[PDB]
There are 2 protein chains.
Amino acid sequence: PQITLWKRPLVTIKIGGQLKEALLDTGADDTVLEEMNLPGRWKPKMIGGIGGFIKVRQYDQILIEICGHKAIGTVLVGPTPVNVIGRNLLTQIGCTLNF
Amino acid sequence: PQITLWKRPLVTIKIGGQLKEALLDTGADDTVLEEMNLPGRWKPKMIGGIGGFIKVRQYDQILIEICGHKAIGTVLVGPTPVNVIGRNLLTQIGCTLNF
Ligand SMILES: COc1ccc(S(=O)(=O)N(CC(C)C)C[C@@H](O)[C@H](Cc2ccccc2)NC(=O)O[C@H]2CO[C@H]3OCC[C@H]32)cc1
């Protein structure tokens with residue numbers, strides 16, 4: 001689809017078999033989801049945003065469907081204020097900015 | 001133009017008589033710029049993201065040219081690590097997400 005930006009670009013995602021709402025976030029290099037249970041192994045990592053750095057669990061090679069488009073990539077889980085879909089997955093679903 | 005998301009979507013902007021690089025950021029409600037000494041009245045604001053909150057100065061009706069497209073709106077100024085063009089201005093230049 002073509003998504004205008006007068007509202008937050010919130011979409012439905014599926015991860016771990018569960019449905020969630022997430023923000024399509026071109027200013028995010030990485031995908032960061034709120035605390036949740038996900039199967040498989042992870043490694044602790046740190047990520048920085050506008051307000052400082054947080055601890056996250058890094059899950060590699062995770063299946064995630066975004067507004068009907070499948071991606072498989074890295075998902076960070078931790079105390080983010082919002083589920084954000086970053087460029088690592090936006091590229092996989094073929095997302096571009098246009099004006 | 002069409003901007004792919006392999007790399008950060010940085011574009012050149014003009015604000016306050018200065019040229020700067022800034023992110024086209026669909027995940028940002030508002031536009032947040034690195035510290036700069038703009039003239040005029042402002043009011044304090046707190047904005048939050050990954051890592052917590054930062055204090056910024058809110059300037060209204062600020063002229064900003066984004067990749068050749070003129071805009072005018074609210075700009076927040078503070079200790080952000082990156083210049084961020086948010087939805088309040090992206091709508092004004094006709095920017096959409098497409099996949
Ligand atoms: C009210 O107006 C606002 C405007 C902007 C923000 S925000 O900056 O915290 N954020 C919000 C996002 C985390 C929901 C926008 C995100 O795109 C924000 C923009 C940004 C901030 C600091 C350094 C680089 C990029 N991106 C972000 O936090 O991405 C995380 C996750 O991936 C990493 O790449 C960039 C930094 C890391 C908050 C409020």
# chains A, B, ... in the order shown; residues from 1 in each chain; ligands from 1
>>> interface_residues(of="chain A", to="chain B", cutoff="7 Å", atoms="only C-alpha atoms", output="PyMOL selection string")
chain A and resi 1-6+23-27+48-54+80-81+87+91+93-99
>>> write_last_selection(atoms="N, CA and C atoms", output="tab-separated table (two decimals), in the first residue's frame")
chain	number	residue	atom	x	y	z
A	1	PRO	N	0.80	-1.23	0.00
A	1	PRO	CA	0.00	0.00	0.00
A	1	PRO	C	0.83	1.28	0.00
A	2	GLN	N	0.16	2.40	-0.22
A	2	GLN	CA	0.73	3.74	-0.06
A	2	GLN	C	0.16	4.32	1.23
A	3	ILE	N	1.04	4.68	2.16
A	3	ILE	CA	0.65	5.12	3.49
A	3	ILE	C	1.01	6.58	3.64
A	4	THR	N	0.01	7.43	3.86
A	4	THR	CA	0.24	8.82	4.19
A	4	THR	C	0.57	8.94	5.68
A	5	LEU	N	1.03	10.13	6.08
A	5	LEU	CA	1.64	10.28	7.40
A	5	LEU	C	0.92	11.30	8.29
A	6	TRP	N	-0.35	11.60	8.01
A	6	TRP	CA	-1.11	12.42	8.95
A	6	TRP	C	-1.44	11.67	10.23
A	23	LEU	N	4.93	0.20	14.78
A	23	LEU	CA	5.12	1.45	14.05
A	23	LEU	C	6.18	1.27	12.97
A	24	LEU	N	5.81	1.60	11.73
A	24	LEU	CA	6.77	1.63	10.64
A	24	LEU	C	7.67	2.84	10.81
A	25	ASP	N	8.95	2.62	11.09
A	25	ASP	CA	9.83	3.65	11.64
A	25	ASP	C	11.11	3.77	10.82
A	26	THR	N	11.10	4.69	9.84
A	26	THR	CA	12.25	4.83	8.96
A	26	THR	C	13.46	5.43	9.67
A	27	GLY	N	13.26	6.06	10.82
A	27	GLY	CA	14.36	6.56	11.61
A	27	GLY	C	15.02	5.55	12.51
A	48	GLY	N	20.82	2.43	21.57
A	48	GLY	CA	20.63	3.83	21.95
A	48	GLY	C	19.52	4.47	21.13
A	49	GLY	N	18.72	5.29	21.81
A	49	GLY	CA	17.71	6.09	21.15
A	49	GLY	C	17.85	7.55	21.53
A	50	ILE	N	16.76	8.32	21.46
A	50	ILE	CA	16.88	9.76	21.67
A	50	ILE	C	17.21	10.07	23.13
A	51	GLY	N	16.83	9.18	24.04
A	51	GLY	CA	16.93	9.49	25.46
A	51	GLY	C	18.03	8.76	26.20
A	52	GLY	N	18.76	7.90	25.51
A	52	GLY	CA	19.82	7.14	26.12
A	52	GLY	C	19.80	5.72	25.63
A	53	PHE	N	20.46	4.84	26.39
A	53	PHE	CA	20.68	3.46	26.01
A	53	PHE	C	19.87	2.52	26.90
A	54	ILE	N	19.41	1.41	26.30
A	54	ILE	CA	18.67	0.39	27.02
A	54	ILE	C	19.28	-0.98	26.74
A	80	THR	N	11.38	-0.66	25.12
A	80	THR	CA	11.06	0.42	24.21
A	80	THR	C	9.66	0.95	24.50
A	81	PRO	N	9.43	2.26	24.31
A	81	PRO	CA	8.07	2.79	24.56
A	81	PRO	C	7.04	2.33	23.54
A	87	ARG	N	14.61	-0.32	9.73
A	87	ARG	CA	14.98	-0.47	8.33
A	87	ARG	C	15.46	-1.89	8.02
A	91	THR	N	13.31	-2.87	4.65
A	91	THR	CA	13.92	-3.19	3.37
A	91	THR	C	13.42	-4.53	2.84
A	93	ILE	N	10.55	-5.91	3.15
A	93	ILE	CA	9.19	-5.91	2.63
A	93	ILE	C	9.08	-4.94	1.46
A	94	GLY	N	10.20	-4.38	1.05
A	94	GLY	CA	10.21	-3.53	-0.13
A	94	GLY	C	9.73	-2.12	0.09
A	95	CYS	N	9.89	-1.60	1.31
A	95	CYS	CA	9.33	-0.31	1.67
A	95	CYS	C	10.27	0.82	1.25
A	96	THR	N	9.70	1.84	0.62
A	96	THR	CA	10.44	3.03	0.22
A	96	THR	C	9.70	4.27	0.71
A	97	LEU	N	10.45	5.36	0.83
A	97	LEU	CA	9.88	6.69	1.01
A	97	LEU	C	9.75	7.36	-0.35
A	98	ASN	N	8.65	8.09	-0.55
A	98	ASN	CA	8.42	8.76	-1.83
A	98	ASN	C	7.78	10.12	-1.60
A	99	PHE	N	8.29	11.13	-2.31
A	99	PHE	CA	7.65	12.45	-2.33
A	99	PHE	C	7.97	13.17	-3.64
>>> calpha_fit_and_write(fixed="chain B", moving="chain A", output="mmCIF file with N, CA and C atoms, in the first residue's frame")
data_model
loop_
_atom_site.group_PDB
_atom_site.id
_atom_site.type_symbol
_atom_site.label_atom_id
_atom_site.label_comp_id
_atom_site.auth_asym_id
_atom_site.auth_seq_id
_atom_site.Cartn_x
_atom_site.Cartn_y
_atom_site.Cartn_z
ATOM 1 N N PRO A 1 11.348 12.679 -4.987
ATOM 2 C CA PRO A 1 12.057 11.445 -5.353
ATOM 3 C C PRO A 1 11.500 10.192 -4.683
ATOM 4 N N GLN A 2 11.964 9.036 -5.148
ATOM 5 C CA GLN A 2 11.717 7.747 -4.511
ATOM 6 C C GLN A 2 13.005 7.334 -3.815
ATOM 7 N N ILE A 3 12.929 7.114 -2.508
ATOM 8 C CA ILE A 3 14.102 6.848 -1.681
ATOM 9 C C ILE A 3 14.013 5.418 -1.171
ATOM 10 N N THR A 4 14.991 4.597 -1.540
ATOM 11 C CA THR A 4 15.113 3.260 -0.980
ATOM 12 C C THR A 4 15.801 3.342 0.381
ATOM 13 N N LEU A 5 15.778 2.230 1.120
ATOM 14 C CA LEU A 5 16.147 2.268 2.531
ATOM 15 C C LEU A 5 17.327 1.364 2.875
ATOM 16 N N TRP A 6 18.163 1.004 1.899
ATOM 17 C CA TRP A 6 19.395 0.297 2.231
ATOM 18 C C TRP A 6 20.397 1.213 2.920
ATOM 19 N N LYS A 7 20.231 2.526 2.793
ATOM 20 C CA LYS A 7 21.022 3.502 3.524
ATOM 21 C C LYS A 7 20.063 4.349 4.349
ATOM 22 N N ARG A 8 20.596 5.046 5.343
ATOM 23 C CA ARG A 8 19.776 5.990 6.090
ATOM 24 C C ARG A 8 19.218 7.040 5.129
ATOM 25 N N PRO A 9 17.913 7.368 5.200
ATOM 26 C CA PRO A 9 17.347 8.451 4.352
ATOM 27 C C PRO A 9 17.719 9.837 4.872
ATOM 28 N N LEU A 10 18.999 10.168 4.714
ATOM 29 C CA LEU A 10 19.537 11.463 5.103
ATOM 30 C C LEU A 10 19.373 12.454 3.962
ATOM 31 N N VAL A 11 18.918 13.658 4.295
ATOM 32 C CA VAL A 11 18.746 14.703 3.300
ATOM 33 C C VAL A 11 19.248 16.025 3.856
ATOM 34 N N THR A 12 19.462 16.968 2.944
ATOM 35 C CA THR A 12 19.855 18.313 3.318
ATOM 36 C C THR A 12 18.609 19.131 3.630
ATOM 37 N N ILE A 13 18.654 19.869 4.735
ATOM 38 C CA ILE A 13 17.581 20.776 5.112
ATOM 39 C C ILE A 13 18.169 22.174 5.258
ATOM 40 N N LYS A 14 17.297 23.171 5.162
ATOM 41 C CA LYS A 14 17.653 24.553 5.456
ATOM 42 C C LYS A 14 16.704 25.082 6.520
ATOM 43 N N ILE A 15 17.269 25.617 7.596
ATOM 44 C CA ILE A 15 16.491 26.149 8.708
ATOM 45 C C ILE A 15 17.282 27.292 9.327
ATOM 46 N N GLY A 16 16.592 28.376 9.670
ATOM 47 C CA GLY A 16 17.300 29.556 10.136
ATOM 48 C C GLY A 16 18.282 30.100 9.127
ATOM 49 N N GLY A 17 18.103 29.769 7.849
ATOM 50 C CA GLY A 17 19.040 30.147 6.815
ATOM 51 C C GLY A 17 20.256 29.259 6.706
ATOM 52 N N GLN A 18 20.375 28.243 7.559
ATOM 53 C CA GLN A 18 21.563 27.403 7.633
ATOM 54 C C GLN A 18 21.262 26.008 7.105
ATOM 55 N N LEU A 19 22.245 25.421 6.429
ATOM 56 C CA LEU A 19 22.116 24.080 5.888
ATOM 57 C C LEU A 19 22.552 23.041 6.916
ATOM 58 N N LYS A 20 21.791 21.952 6.990
ATOM 59 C CA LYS A 20 22.084 20.845 7.884
ATOM 60 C C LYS A 20 21.690 19.548 7.193
ATOM 61 N N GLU A 21 22.103 18.434 7.791
ATOM 62 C CA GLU A 21 21.697 17.104 7.361
ATOM 63 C C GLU A 21 20.699 16.544 8.366
ATOM 64 N N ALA A 22 19.635 15.918 7.872
ATOM 65 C CA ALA A 22 18.629 15.371 8.768
ATOM 66 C C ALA A 22 18.090 14.057 8.227
ATOM 67 N N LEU A 23 17.497 13.284 9.133
ATOM 68 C CA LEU A 23 16.979 11.955 8.830
ATOM 69 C C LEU A 23 15.470 12.005 8.646
ATOM 70 N N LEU A 24 15.005 11.515 7.501
ATOM 71 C CA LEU A 24 13.574 11.354 7.269
ATOM 72 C C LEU A 24 13.070 10.186 8.106
ATOM 73 N N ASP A 25 12.232 10.471 9.103
ATOM 74 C CA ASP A 25 11.970 9.535 10.199
ATOM 75 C C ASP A 25 10.471 9.329 10.388
ATOM 76 N N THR A 26 9.931 8.293 9.735
ATOM 77 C CA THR A 26 8.498 8.055 9.795
ATOM 78 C C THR A 26 8.045 7.574 11.167
ATOM 79 N N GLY A 27 8.964 7.094 12.001
ATOM 80 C CA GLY A 27 8.636 6.720 13.360
ATOM 81 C C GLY A 27 8.622 7.856 14.351
ATOM 82 N N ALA A 28 8.896 9.075 13.898
ATOM 83 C CA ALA A 28 8.885 10.254 14.754
ATOM 84 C C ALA A 28 7.617 11.057 14.474
ATOM 85 N N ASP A 29 6.827 11.304 15.522
ATOM 86 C CA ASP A 29 5.686 12.202 15.389
ATOM 87 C C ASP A 29 6.150 13.624 15.102
ATOM 88 N N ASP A 30 7.254 14.023 15.725
ATOM 89 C CA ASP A 30 7.711 15.397 15.765
ATOM 90 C C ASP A 30 9.104 15.497 15.163
ATOM 91 N N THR A 31 9.473 16.720 14.808
ATOM 92 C CA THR A 31 10.782 17.029 14.257
ATOM 93 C C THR A 31 11.669 17.535 15.389
ATOM 94 N N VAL A 32 12.824 16.900 15.564
ATOM 95 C CA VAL A 32 13.730 17.203 16.666
ATOM 96 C C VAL A 32 15.119 17.420 16.091
ATOM 97 N N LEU A 33 15.673 18.606 16.319
ATOM 98 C CA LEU A 33 16.979 18.983 15.808
ATOM 99 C C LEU A 33 17.966 19.155 16.956
ATOM 100 N N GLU A 34 19.243 18.931 16.651
ATOM 101 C CA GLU A 34 20.304 19.120 17.629
ATOM 102 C C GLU A 34 20.392 20.586 18.043
ATOM 103 N N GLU A 35 21.000 20.811 19.205
ATOM 104 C CA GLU A 35 21.152 22.158 19.740
ATOM 105 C C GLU A 35 21.623 23.122 18.663
ATOM 106 N N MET A 36 20.909 24.234 18.524
ATOM 107 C CA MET A 36 21.268 25.262 17.559
ATOM 108 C C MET A 36 20.599 26.559 17.979
ATOM 109 N N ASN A 37 21.108 27.667 17.450
ATOM 110 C CA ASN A 37 20.465 28.960 17.638
ATOM 111 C C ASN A 37 19.422 29.179 16.545
ATOM 112 N N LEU A 38 18.204 29.525 16.961
ATOM 113 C CA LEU A 38 17.085 29.830 16.086
ATOM 114 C C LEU A 38 16.437 31.131 16.540
ATOM 115 N N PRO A 39 16.063 32.011 15.615
ATOM 116 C CA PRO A 39 15.434 33.272 16.027
ATOM 117 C C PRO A 39 14.003 33.078 16.512
ATOM 118 N N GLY A 40 13.562 34.004 17.355
ATOM 119 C CA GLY A 40 12.179 34.052 17.794
ATOM 120 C C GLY A 40 11.947 33.337 19.111
ATOM 121 N N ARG A 41 10.678 33.330 19.509
ATOM 122 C CA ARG A 41 10.295 32.813 20.811
ATOM 123 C C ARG A 41 10.123 31.297 20.771
ATOM 124 N N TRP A 42 10.290 30.685 21.939
ATOM 125 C CA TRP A 42 10.130 29.250 22.105
ATOM 126 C C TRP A 42 9.523 28.995 23.476
ATOM 127 N N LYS A 43 9.100 27.756 23.694
ATOM 128 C CA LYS A 43 8.613 27.332 24.995
ATOM 129 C C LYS A 43 9.274 26.014 25.361
ATOM 130 N N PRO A 44 9.587 25.800 26.638
ATOM 131 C CA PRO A 44 10.161 24.510 27.036
ATOM 132 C C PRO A 44 9.102 23.419 27.020
ATOM 133 N N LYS A 45 9.499 22.253 26.523
ATOM 134 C CA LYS A 45 8.634 21.088 26.438
ATOM 135 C C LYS A 45 9.475 19.852 26.727
ATOM 136 N N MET A 46 8.794 18.733 26.955
ATOM 137 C CA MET A 46 9.439 17.437 27.134
ATOM 138 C C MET A 46 8.999 16.511 26.012
ATOM 139 N N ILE A 47 9.916 15.669 25.532
ATOM 140 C CA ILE A 47 9.559 14.646 24.557
ATOM 141 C C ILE A 47 10.236 13.339 24.935
ATOM 142 N N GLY A 48 9.570 12.240 24.615
ATOM 143 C CA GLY A 48 10.051 10.906 24.942
ATOM 144 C C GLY A 48 10.448 10.139 23.691
ATOM 145 N N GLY A 49 11.548 9.404 23.797
ATOM 146 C CA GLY A 49 11.977 8.507 22.745
ATOM 147 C C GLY A 49 12.211 7.111 23.284
ATOM 148 N N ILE A 50 13.068 6.325 22.632
ATOM 149 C CA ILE A 50 13.203 4.931 23.037
ATOM 150 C C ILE A 50 13.887 4.821 24.395
ATOM 151 N N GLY A 51 14.695 5.812 24.759
ATOM 152 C CA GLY A 51 15.522 5.699 25.948
ATOM 153 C C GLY A 51 15.082 6.534 27.131
ATOM 154 N N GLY A 52 14.027 7.309 26.960
ATOM 155 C CA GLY A 52 13.527 8.157 28.015
ATOM 156 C C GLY A 52 13.133 9.509 27.462
ATOM 157 N N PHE A 53 13.043 10.484 28.361
ATOM 158 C CA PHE A 53 12.535 11.811 28.052
ATOM 159 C C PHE A 53 13.647 12.849 28.118
ATOM 160 N N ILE A 54 13.554 13.853 27.241
ATOM 161 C CA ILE A 54 14.509 14.949 27.213
ATOM 162 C C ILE A 54 13.762 16.277 27.222
ATOM 163 N N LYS A 55 14.450 17.303 27.713
ATOM 164 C CA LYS A 55 13.967 18.673 27.623
ATOM 165 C C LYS A 55 14.295 19.242 26.247
ATOM 166 N N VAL A 56 13.319 19.905 25.621
ATOM 167 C CA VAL A 56 13.546 20.565 24.342
ATOM 168 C C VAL A 56 12.929 21.958 24.361
ATOM 169 N N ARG A 57 13.421 22.807 23.463
ATOM 170 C CA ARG A 57 12.830 24.113 23.195
ATOM 171 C C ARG A 57 11.918 23.966 21.986
ATOM 172 N N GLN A 58 10.644 24.325 22.143
ATOM 173 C CA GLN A 58 9.675 24.185 21.063
ATOM 174 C C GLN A 58 9.562 25.509 20.319
ATOM 175 N N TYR A 59 9.854 25.482 19.024
ATOM 176 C CA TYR A 59 9.684 26.640 18.155
ATOM 177 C C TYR A 59 8.491 26.393 17.241
ATOM 178 N N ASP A 60 7.505 27.280 17.297
ATOM 179 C CA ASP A 60 6.325 27.151 16.457
ATOM 180 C C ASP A 60 6.517 27.876 15.129
ATOM 181 N N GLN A 61 5.881 27.337 14.088
ATOM 182 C CA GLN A 61 5.704 28.029 12.810
ATOM 183 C C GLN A 61 7.039 28.449 12.201
ATOM 184 N N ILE A 62 7.970 27.504 12.146
ATOM 185 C CA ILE A 62 9.318 27.750 11.648
ATOM 186 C C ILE A 62 9.398 27.332 10.187
ATOM 187 N N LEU A 63 9.973 28.195 9.354
ATOM 188 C CA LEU A 63 10.223 27.841 7.965
ATOM 189 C C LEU A 63 11.381 26.856 7.879
ATOM 190 N N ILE A 64 11.181 25.773 7.139
ATOM 191 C CA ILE A 64 12.207 24.748 6.973
ATOM 192 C C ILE A 64 12.023 24.115 5.603
ATOM 193 N N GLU A 65 13.111 24.048 4.839
ATOM 194 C CA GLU A 65 13.110 23.441 3.517
ATOM 195 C C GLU A 65 13.793 22.087 3.615
ATOM 196 N N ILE A 66 13.143 21.066 3.066
ATOM 197 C CA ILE A 66 13.571 19.681 3.200
ATOM 198 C C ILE A 66 13.756 19.135 1.796
ATOM 199 N N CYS A 67 15.003 18.876 1.411
ATOM 200 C CA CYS A 67 15.279 18.295 0.101
ATOM 201 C C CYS A 67 14.499 19.036 -0.985
ATOM 202 N N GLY A 68 14.506 20.364 -0.901
ATOM 203 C CA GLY A 68 13.908 21.203 -1.915
ATOM 204 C C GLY A 68 12.433 21.491 -1.746
ATOM 205 N N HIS A 69 11.797 20.968 -0.704
ATOM 206 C CA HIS A 69 10.370 21.158 -0.474
ATOM 207 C C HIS A 69 10.174 21.967 0.799
ATOM 208 N N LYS A 70 9.358 23.011 0.712
ATOM 209 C CA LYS A 70 9.173 23.922 1.830
ATOM 210 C C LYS A 70 8.110 23.413 2.798
ATOM 211 N N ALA A 71 8.380 23.591 4.087
ATOM 212 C CA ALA A 71 7.420 23.319 5.143
ATOM 213 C C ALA A 71 7.494 24.457 6.152
ATOM 214 N N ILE A 72 6.417 24.625 6.911
ATOM 215 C CA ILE A 72 6.372 25.596 8.000
ATOM 216 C C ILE A 72 5.669 24.916 9.169
ATOM 217 N N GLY A 73 6.395 24.655 10.247
ATOM 218 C CA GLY A 73 5.784 23.947 11.350
ATOM 219 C C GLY A 73 6.649 23.943 12.587
ATOM 220 N N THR A 74 6.278 23.060 13.508
ATOM 221 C CA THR A 74 6.908 23.008 14.818
ATOM 222 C C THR A 74 8.227 22.255 14.745
ATOM 223 N N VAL A 75 9.263 22.846 15.329
ATOM 224 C CA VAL A 75 10.590 22.249 15.394
ATOM 225 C C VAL A 75 11.026 22.238 16.851
ATOM 226 N N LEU A 76 11.418 21.065 17.337
ATOM 227 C CA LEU A 76 11.925 20.898 18.690
ATOM 228 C C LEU A 76 13.445 20.850 18.642
ATOM 229 N N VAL A 77 14.090 21.578 19.547
ATOM 230 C CA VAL A 77 15.547 21.664 19.577
ATOM 231 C C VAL A 77 16.030 21.211 20.944
ATOM 232 N N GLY A 78 16.936 20.241 20.951
ATOM 233 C CA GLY A 78 17.482 19.728 22.178
ATOM 234 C C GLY A 78 18.457 18.601 21.924
ATOM 235 N N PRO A 79 18.807 17.883 22.979
ATOM 236 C CA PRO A 79 19.876 16.867 22.887
ATOM 237 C C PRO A 79 19.410 15.548 22.276
ATOM 238 N N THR A 80 18.909 15.622 21.040
ATOM 239 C CA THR A 80 18.660 14.420 20.262
ATOM 240 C C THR A 80 19.968 13.907 19.662
ATOM 241 N N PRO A 81 20.121 12.587 19.520
ATOM 242 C CA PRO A 81 21.363 12.064 18.918
ATOM 243 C C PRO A 81 21.496 12.373 17.437
ATOM 244 N N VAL A 82 20.402 12.726 16.765
ATOM 245 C CA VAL A 82 20.367 12.877 15.316
ATOM 246 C C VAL A 82 19.293 13.905 14.981
ATOM 247 N N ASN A 83 19.546 14.734 13.965
ATOM 248 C CA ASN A 83 18.481 15.583 13.433
ATOM 249 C C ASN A 83 17.431 14.695 12.773
ATOM 250 N N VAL A 84 16.193 14.737 13.257
ATOM 251 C CA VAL A 84 15.138 13.904 12.689
ATOM 252 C C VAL A 84 13.999 14.782 12.188
ATOM 253 N N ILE A 85 13.533 14.483 10.979
ATOM 254 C CA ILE A 85 12.358 15.117 10.391
ATOM 255 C C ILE A 85 11.184 14.171 10.612
ATOM 256 N N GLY A 86 10.216 14.597 11.423
ATOM 257 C CA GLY A 86 9.091 13.765 11.789
ATOM 258 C C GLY A 86 7.856 14.014 10.935
ATOM 259 N N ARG A 87 6.785 13.302 11.291
ATOM 260 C CA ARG A 87 5.607 13.272 10.433
ATOM 261 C C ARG A 87 4.943 14.640 10.332
ATOM 262 N N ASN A 88 5.116 15.498 11.340
ATOM 263 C CA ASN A 88 4.505 16.822 11.272
ATOM 264 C C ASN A 88 4.980 17.589 10.043
ATOM 265 N N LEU A 89 6.217 17.358 9.610
ATOM 266 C CA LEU A 89 6.739 18.001 8.411
ATOM 267 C C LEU A 89 6.747 17.089 7.194
ATOM 268 N N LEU A 90 6.911 15.778 7.389
ATOM 269 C CA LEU A 90 6.865 14.853 6.263
ATOM 270 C C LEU A 90 5.529 14.943 5.534
ATOM 271 N N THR A 91 4.436 15.131 6.277
ATOM 272 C CA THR A 91 3.134 15.285 5.639
ATOM 273 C C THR A 91 3.097 16.536 4.773
ATOM 274 N N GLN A 92 3.743 17.614 5.231
ATOM 275 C CA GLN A 92 3.705 18.876 4.500
ATOM 276 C C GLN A 92 4.414 18.770 3.159
ATOM 277 N N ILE A 93 5.417 17.902 3.044
ATOM 278 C CA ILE A 93 6.152 17.811 1.788
ATOM 279 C C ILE A 93 5.578 16.692 0.930
ATOM 280 N N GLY A 94 4.482 16.097 1.383
ATOM 281 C CA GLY A 94 3.799 15.103 0.581
ATOM 282 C C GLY A 94 4.410 13.721 0.611
ATOM 283 N N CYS A 95 5.083 13.369 1.699
ATOM 284 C CA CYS A 95 5.836 12.128 1.777
ATOM 285 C C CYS A 95 4.925 10.976 2.168
ATOM 286 N N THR A 96 5.040 9.868 1.442
ATOM 287 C CA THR A 96 4.306 8.650 1.739
ATOM 288 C C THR A 96 5.270 7.469 1.786
ATOM 289 N N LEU A 97 4.842 6.419 2.477
ATOM 290 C CA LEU A 97 5.491 5.116 2.404
ATOM 291 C C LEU A 97 4.785 4.266 1.354
ATOM 292 N N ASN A 98 5.565 3.497 0.594
ATOM 293 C CA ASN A 98 4.994 2.668 -0.459
ATOM 294 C C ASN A 98 5.726 1.334 -0.535
ATOM 295 N N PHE A 99 4.962 0.251 -0.645
ATOM 296 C CA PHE A 99 5.536 -1.070 -0.912
ATOM 297 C C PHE A 99 4.513 -1.950 -1.635
#
>>> select_by_dssp(residues="chain A", states="alpha helix (DSSP H)", output="PyMOL selection string")
chain A and resi 87-90
>>> select_by_dssp(residues="chain A", states="strand (DSSP E or B)", output="ChimeraX atom specification")
/A:2-3,10-15,18-24,32-33,43-49,52-66,69-77,84-85,96-98
>>> decode(residues="stretch 17-30 of chain A", atoms="N, CA and C atoms", output="JSON list (two decimals), in the first residue's frame")
[["chain", "number", "residue", "atom", "x", "y", "z"],
["A", 17, "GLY", "N", 3.93, -16.24, 16.35],
["A", 17, "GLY", "CA", 2.56, -16.66, 16.20],
["A", 17, "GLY", "C", 1.53, -15.71, 16.76],
["A", 18, "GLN", "N", 1.96, -14.60, 17.35],
["A", 18, "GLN", "CA", 1.07, -13.67, 18.04],
["A", 18, "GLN", "C", 0.95, -12.37, 17.26],
["A", 19, "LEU", "N", -0.25, -11.80, 17.28],
["A", 19, "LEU", "CA", -0.51, -10.54, 16.61],
["A", 19, "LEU", "C", -0.22, -9.36, 17.53],
["A", 20, "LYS", "N", 0.40, -8.33, 16.97],
["A", 20, "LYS", "CA", 0.71, -7.11, 17.69],
["A", 20, "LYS", "C", 0.56, -5.93, 16.74],
["A", 21, "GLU", "N", 0.60, -4.73, 17.31],
["A", 21, "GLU", "CA", 0.62, -3.49, 16.55],
["A", 21, "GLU", "C", 2.02, -2.89, 16.63],
["A", 22, "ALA", "N", 2.52, -2.40, 15.50],
["A", 22, "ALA", "CA", 3.86, -1.83, 15.48],
["A", 22, "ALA", "C", 3.91, -0.62, 14.56],
["A", 23, "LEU", "N", 4.93, 0.20, 14.78],
["A", 23, "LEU", "CA", 5.12, 1.45, 14.05],
["A", 23, "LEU", "C", 6.18, 1.27, 12.97],
["A", 24, "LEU", "N", 5.81, 1.60, 11.73],
["A", 24, "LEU", "CA", 6.77, 1.63, 10.64],
["A", 24, "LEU", "C", 7.67, 2.84, 10.81],
["A", 25, "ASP", "N", 8.95, 2.62, 11.09],
["A", 25, "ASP", "CA", 9.83, 3.65, 11.64],
["A", 25, "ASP", "C", 11.11, 3.77, 10.82],
["A", 26, "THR", "N", 11.10, 4.69, 9.84],
["A", 26, "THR", "CA", 12.25, 4.83, 8.96],
["A", 26, "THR", "C", 13.46, 5.43, 9.67],
["A", 27, "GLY", "N", 13.26, 6.06, 10.82],
["A", 27, "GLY", "CA", 14.36, 6.56, 11.61],
["A", 27, "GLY", "C", 15.02, 5.55, 12.51],
["A", 28, "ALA", "N", 14.54, 4.31, 12.50],
["A", 28, "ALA", "CA", 15.11, 3.24, 13.30],
["A", 28, "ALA", "C", 15.93, 2.32, 12.40],
["A", 29, "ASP", "N", 17.21, 2.14, 12.74],
["A", 29, "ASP", "CA", 18.03, 1.15, 12.05],
["A", 29, "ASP", "C", 17.51, -0.26, 12.30],
["A", 30, "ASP", "N", 17.05, -0.50, 13.53],
["A", 30, "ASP", "CA", 16.74, -1.83, 14.03],
["A", 30, "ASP", "C", 15.29, -1.90, 14.45]]
